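Asks: Okay, handing you the structure first.
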Amino acid sequence: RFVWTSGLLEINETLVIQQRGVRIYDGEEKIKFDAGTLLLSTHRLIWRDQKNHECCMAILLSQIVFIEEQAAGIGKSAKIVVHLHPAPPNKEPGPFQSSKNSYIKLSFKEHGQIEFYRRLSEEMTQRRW
Amino acid sequence: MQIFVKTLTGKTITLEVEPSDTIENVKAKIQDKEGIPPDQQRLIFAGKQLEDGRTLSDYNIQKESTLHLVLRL
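Rendered as structure tokens:
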């Protein structure tokens, strides 16, 4: 779902917020994987690994169906859960997409989740892309 | 009136509704056609979640519009 990107922003693309210390879990995992700086721009969510290498990886904001927060219990700060529109195809394999699950989870190990969640919301609402 | 609901398998569901139908009632139709219990369903139009008590007209959902189903975690 993530594609390679140089990290530079396109011509009418602005940085909205950036945050160190964010890990990205896949579906319901709980040890894979990654740990790093998250960037939200007007068009994209861009990830960039700690010491580089490599990366960068980005998804378009138009790919996001819905977002929500999920509690860590009696911890400090919620995970942001991002639901993605599916790919397709392309004929032959396939198999079944129902047994695969279709969202990612952002955990904020160095905090700043509230601020990020708010910014992501506003970008989702305004669709400036 | 026909509306569409895209789910995250890529499946499009076609429903028969009227603008006066509550979201609760739409969710019920999905359980009828697809088997998903209303209580796990969430419905999104524009980018915002839709409220159970309210109607398709209240959200201005017209002929051929597309909602998106996203299940509860």
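Protein chains in written order, with the entry's author numbering: chain B, 3 to 131; chain A, 1 to 73.
We treat Cβ as the ideally placed atom computed from N, Cα and C, and that holds for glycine.
Need the endpoints of the alpha helix (DSSP H) that B:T127 sits in, please.
Replies: Unbroken alpha helix (DSSP H) run through B:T127: 115–128.
Asks: Does any residue of chain B bring its CB to less than 8 Å from the CB of A:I44?
Replies: Yes, contact with chain B.
Asks: At a Cβ cut of 7 Å, what residues of the stretch 62–78 of chain B count as close to chain A, listed as they run along the chain?
Replies: Listed by position along the chain: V67, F68, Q72.
Asks: Let me make sure I understand the geometry here. Which of B:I82, B:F118, B:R46 has the alpha-carbon closest to that of B:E12?
Replies: B:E12 has its Cα closest to that of B:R46, out of B:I82, B:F118, B:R46.
Asks: Kindly list, in the order they appear in chain A, the residues whose Cβ is closer than 7 Å to that of B:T39.
Replies: By Cβ distance, chain A contributes nothing, its closest Cβ being about 25 Å from B:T39, past 7 Å.
Asks: So, using beta-carbon positions, are A:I13 and A:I61 closer together than 8 Å?
Replies: Result no, Cβ atoms of A:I13 and A:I61 do not sit closer than 8 Å.
Asks: Over what stretch of residues does the alpha helix (DSSP H) that includes A:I61 continue unbroken?
Replies: Where A:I61 is concerned, there is no enclosing alpha helix (DSSP H), given that its DSSP letter is neither H nor E.
Asks: Residues of chain B with CB under 8 Å from A:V70, in chain order?
Replies: Going along chain B in sequence order, the residues near A:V70 (Cβ under 8 Å) are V67, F68, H85.
Asks: Of all the CB atoms in chain B, is at least one closer than 8 Å to the CB of residue 80 of chain A?
Replies: The structure shown does not extend to residue 80 of chain A, since chain A spans only 1 to 73, so no value can be given for it.
Asks: For the alpha helix (DSSP H) that contains A:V17, what are its first and last residues?
Replies: Element bounds for A:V17: n/a, residue is neither H nor E.
Asks: If we cut at 8 Å on Cβ distances, does B:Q99 have a partner in chain A?
Replies: Yes, its Cβ sits closer than 8 Å to a Cβ of chain A.
Asks: In whole angstroms, give me the CA-to-CA distance for B:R50 and B:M59.
Replies: So the alpha carbons of these two residues sit roughly 7 Å apart.
Asks: Rounded to the nearest angstrom, how far is the Cβ of B:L108 from that of B:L40, given a contact under 8 Å?
Replies: Rounded, the Cβ-Cβ distance is 7 Å, consistent with contact.
Asks: Are the beta-carbon atoms of B:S64 and B:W131 separated by less than 8 Å?
Replies: Contact flag set, yes.
Asks: Between which residues of its own chain and B:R121 is the CB-CB distance below 7 Å, once the five residues before and five after are set aside?
Replies: So the list reads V18, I19, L42, once near-sequence residues are dropped.
Asks: Taking all protein chains shown into account, decide if B:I33 is buried (16 or more other Cβ within 10 angstroms of its Cβ) or exposed.
Replies: Exposed.
Asks: With C-beta atoms as the reference, is B:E112 less than 8 Å away from B:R22?
Replies: Against a cut-off of 8 Å, the Cβ pair of B:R22 and B:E112 comes out as a contact.
Asks: Buried or exposed: which applies to A:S20, given that a residue is buried once 16 or more other Cβ atoms fall within 10 Å of its Cβ?
Replies: Flag for A:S20 reads exposed.
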